[PDB]
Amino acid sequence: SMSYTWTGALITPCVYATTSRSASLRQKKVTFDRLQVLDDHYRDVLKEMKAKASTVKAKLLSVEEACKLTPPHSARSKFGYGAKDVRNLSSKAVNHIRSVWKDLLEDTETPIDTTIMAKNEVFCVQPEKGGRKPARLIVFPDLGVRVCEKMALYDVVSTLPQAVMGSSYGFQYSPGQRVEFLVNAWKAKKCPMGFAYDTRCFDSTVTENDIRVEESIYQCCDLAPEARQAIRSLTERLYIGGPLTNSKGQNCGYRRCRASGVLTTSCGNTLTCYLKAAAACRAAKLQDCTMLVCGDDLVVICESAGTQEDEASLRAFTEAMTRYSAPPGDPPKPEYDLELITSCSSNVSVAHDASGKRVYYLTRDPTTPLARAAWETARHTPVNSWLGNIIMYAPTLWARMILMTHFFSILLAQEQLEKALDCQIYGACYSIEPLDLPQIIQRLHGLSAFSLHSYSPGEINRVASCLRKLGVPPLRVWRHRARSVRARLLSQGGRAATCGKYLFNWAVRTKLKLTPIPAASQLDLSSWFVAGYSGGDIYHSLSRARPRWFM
């Protein structure tokens, strides 16, 4: 079947930013008939996944619990209420949500409407390879439906992926735990070989059968009968496909592939990619495979069979993925150093802590983080990518010297150190106070994140070259700026002083011997790094448990 069919009605509007103007170019790329051929490897892997899914017991979320996960600025309903009404449990919001639920239980077939829009994302104007990337397409149902999806499937999509894929499920790891997993897998092999597999437009490649196979896995859970019916109806009426409406309310077309903005997108894509890849590893005869899967992002570490043999096994893996309707974007290439593999737009690098001991950490090319940060300093944005980058990339040279210095100087100038900001981590929205960053960083990366040094030449050069290319002052300027930022933070005391002392410890000549922040243990990070919710419309406000008077 065709991934999409179009009426011709335009996908209407809401360093460069992707707009609604480039939507036509994206539509051409993602529109095609899918040819899927399944085999015994696929069937064997599915049965193994199902046996693991069978250990899961999932609970039905109440209307109140589902309402509480809704982001404050989530798209309003076309039925007379918005995200504020949902979070307040308003009479109108709650009555409509209950009617949507009742309809899911009563109607098992009518396709549910969705809205289609072009994603506005900032990329760097780099005239080195081709040109500007076309806008990605976002497909999502109405607010009432999104609350119902949480009631039925929030517990499933939060628990089932780890139960099925075990250590291969990537969203259970913080960046440091992801690094630890990759390093351990690499060291376990006699002669390691690793590769990333890029699927061309993964959402478009997902077939009706893929979605039903994904539902057959959900159905292995112990579920409340209404949750079981809701999952069955949501599968047929929403997940499998349905009509597309643009922002103007015009019939835009029809979808028969994965919608980006439903609660099951991340879980479903991860399960689908894992199933196809594990089956393709068997068809390719790759020895002792370790897979790490995050949605459509796949990395495989295995036992090398020699240079020519590895190139041949990779082409066999690709042919098998292609049959399963997961063809490649960039062709996969075997890598023989862990540091050279790019997965989840990141690579492993090594540094030393204050005692000269090796510390592996996760980094990336800083061009896109710096460009996006520049866009965000220039104009007000709902989500602050700089904040998420400081959190996830806290041990890196560039996040510490440039992002921390620049944004802390802006917060000091605006007196907004205590103002909570939104950032996206694994598709979920978190409301975080920048004053909590030293405690968050210690919890996720450890005390060593504040004293790393002896960065690799390759890492230092990538950073320095990127600054030159973007017209950013050199690293020596950032050291001078950080010394002043640090001094002003120290003067303020409390959490602000901890920001100065811990985040800017690298900027001082003498360098302090840092002790653990006592209040860090109080942070409730239980919802962090459990699952991916990309396009799932999930929100959390960072909270503190058992606070001590003197902290």
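Throughout, we count residues from 1 along the sequence that is shown. Basically, rigid core = biggest C-alpha set you can superpose within 1.5 Å across the two forms.
Of the two stretches examined, 424 to 432 and 189 to 197, the one with higher mean CA deviation in 9 other deposited structures of this protein after a rigid core fit is 424 to 432.
For the pair 5 to 13 and 524 to 532, rigid core superposition yields a higher RMS C-alpha distance in 9 other deposited structures of this protein in 524 to 532. According to the entry, the deposited sequence has no residues without coordinates between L25 and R26, so the chain runs continuously there.
If you average the C-alpha B-factors over 279 to 287 and over 120 to 128, the higher value belongs to 120 to 128.
Stretches 496 to 504 and 29 to 37 differ in mean C-alpha B factor, with the higher average recorded for 29 to 37. For the set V299, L412, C191, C273, the PDB entry assigns the largest Cα B-factor to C191. Within the selection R315, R258, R232, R481, the deposited Cα B-factor values reach their highest point at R315. Among the modelled residues of the chain, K68 sits in the middle third by CA temperature factor in this PDB entry.
Sorting the modelled residues of the chain by their CA temperature factor places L512 in the highest third. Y539: CA B factor in the middle third of modelled residues in this chain (values from the PDB entry).
Per-chain ranking of the deposited C-alpha B factor places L153 in the lowest third. When the CA B factors of the chain's modelled residues are split into thirds, the value for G80 lands in the highest one.
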